[PDB]
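In what follows, a structure is listed as structure tokens, so that the remarks can point back to it.
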Amino acid sequence: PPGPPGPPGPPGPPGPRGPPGXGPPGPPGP
Amino acid sequence: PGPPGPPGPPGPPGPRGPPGXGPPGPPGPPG
Amino acid sequence: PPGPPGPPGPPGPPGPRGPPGXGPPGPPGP
């Protein structure tokens with residue numbers, strides 16, 4: 001018969017970079 | 001004597017991607 | 001007798017997309 005199965009493969013590659021983040025209004029003028 | 005066994009199963013997913021790179025807010029109100 | 005243990009499995013899929021990034025305050029008002 002065939003031999004036993006081989007080993008699991010390696011982890012896949014990293015996922016893509018996330019989306020850009022979301023700043024507040026600037027300071028008031030004096 | 002028999003032939004090679006089947007390939008192994010797929011690996012797990014890769015790691016989550018890195019965090020993204022936000023824009024400035026609007027100008028402040030007038031004084 | 002059985003054959004040899006089999007070849008390596010394939011890589012997993014890509015990981016999930018990253019989270020959103022972290023912006024600055026806007027410019028001061030006039």
Side-chain angles (χ1 to χ4, degrees), chain A, chain B:
Chain A
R17 185 152 80 168
Chain B
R16 185 175 192 184

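Every chain is numbered from 1 and lettered A, B, ... according to where its sequence line falls, protein lines coming before strand lines. All values below come from the heavy atoms of this structure, side chains included, with hydrogens, waters and symmetry mates left out.
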- Note on the structure: Turns out that what part of B:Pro10 lies under 4.5 Å from chain A's heavy atoms comes down to backbone
- Note on the structure: Bottom line for B:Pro13: the part with an atom under 4.5 Å from chain A's heavy atoms is backbone
- Between A:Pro28 and chain B, which part of the residue has a heavy atom less than 4.5 Å away: side chain, backbone, both or neither? both
- Message: Give me the atom names and distance for the closest heavy-atom approach of A:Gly12 to B:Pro15.
- Response: O-CD, 3.9 Å
